[PDB]
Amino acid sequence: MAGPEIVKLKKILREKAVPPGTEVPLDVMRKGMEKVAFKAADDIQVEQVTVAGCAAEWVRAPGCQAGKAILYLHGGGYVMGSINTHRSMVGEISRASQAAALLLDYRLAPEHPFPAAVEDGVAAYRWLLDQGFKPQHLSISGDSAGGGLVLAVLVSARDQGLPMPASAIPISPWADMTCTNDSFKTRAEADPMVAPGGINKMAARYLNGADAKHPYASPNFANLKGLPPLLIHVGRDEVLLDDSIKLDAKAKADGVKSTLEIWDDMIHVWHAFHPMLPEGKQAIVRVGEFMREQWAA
C-alpha cells in the first residue's frame, strides 16, 4: 500500500507524458530528454575523458575510494540518452558505492545500430583494465537499455577472454528485444513510463534487421555462465518486470549468483527520480551497498 511520493510522481508522469500511440521524431525525443535531465548535486565532480573513441566523464561523488571504478551504461532505448541525462543518478550511485563511475557516451542507433553499443561497452571495460583497475575492483551498472547492455558487455567480454568484474547491477534492464513478455499487458496500465510501439521502434532502430534473439542484443537468451554476482532492480509496476524475472532465472540456471529485488509500487528506473522519491534514494543506497559488499567479498 503506496507512499504519497510515488503517487504524486506517477500522476505527474501521466500528466507530462505523450499520449499513447503517438509517434514522436527521434531528435525531438533526444532533445526532450536532454532538456528535463536533472542537474547533478553540487558536490559531484566531473572530468571529461575520451574512452575507446567515445566521450565520457568520470563522475566522482565525495567518499570515492582510490582504485575502484564502475563502468556505467546509461539508458535510453539504445537510441537516446547521454552523459548529461544520466550524470545526476550516476553521481548518486557514485555516492552510495564510494567509487568513481565512468559514464560512457556509447554509440547510439539509428546512426550506429547494434552491435556498436556493445563494442563500445566492451572497449571501455578493456580500457579500464589498460588503465590499471583490477577486475576485482570493478563493477558494471546500467539502467533500461543500459541495463541489458550491462549483461551484453559481460557475455561479450567473457567470450573475448576478458576477466569478469566483481559485480554487476542492471537497473530495470531491457534484456529481450522481442518485447513479447506477459508483463507487457498484465503490467501495462500500472506503468506510466514506457509505451510501445514506442519501445518496439527503439528495438527496430537498434537492431536494424538483426536477430532480436542475438545474445548480445537480448541477453535473456545468452549463455550467462561465468558472469560475476548480480543485483537486479525492477519495479512491480513496469512493463519490463518479466525481463528482470527472466534474467534472474536465466542467471540462476547458468550458475550465476543472482539477486532480484522487485520493488513494490515502483516504476521504470525509479532510481532516476531520487531528488523527490524516497524509494529512488533508498534503491541507489542499496546499489552502493551491494557493490561494496562484493568488493568486500
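In case it trips you up, residue 1 is the first one in the sequence shown, and so on.
Peer 1: I want to check something about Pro215: across the other compared entries that model its neighbours, is it left unbuilt in at least a third?
Peer 2: Per the records, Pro215 is modelled in all the other entries.
Peer 1: Do at least a third of the other entries of this protein fail to model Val90?
Peer 2: No: coordinates for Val90 present in every compared entry.
Peer 1: Should the higher mean CA B-factor in the entry be assigned to 192 to 200 or to 219 to 227?
Peer 2: According to the entry, 192 to 200 carries the higher average C-alpha B-factor.
Peer 1: Test of understanding: from the entry's C-alpha B-factors, which stretch has the higher mean, 93 to 101 or 181 to 189?
Peer 2: It is 181 to 189 that shows the higher mean C-alpha B-factor.
Peer 1: Lowest, middle or highest third: where is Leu247 by C-alpha B factor in its chain?
Peer 2: Its C-alpha B-factor belongs to the highest third of this chain's values.
Peer 1: Which third, lowest, middle or highest, does the C-alpha temperature factor of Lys257 belong to within its own chain?
Peer 2: It falls in the top third of the chain.
Peer 1: By the record's CA B-factor, is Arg126 among the lowest, middle or highest third of residues in the chain?
Peer 2: Its C-alpha B-factor belongs to the highest third of this chain's values.
Peer 1: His268's Cα B-factor: lowest, middle or highest third of the chain?
Peer 2: According to the entry, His268 has a C-alpha B-factor in the chain's lowest third.
Peer 1: Hey, what third does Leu13 fall into on Cα B-factor, ranked over its chain?
Peer 2: Within its chain, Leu13 is a highest-third residue by C-alpha B-factor, going by the deposited values.
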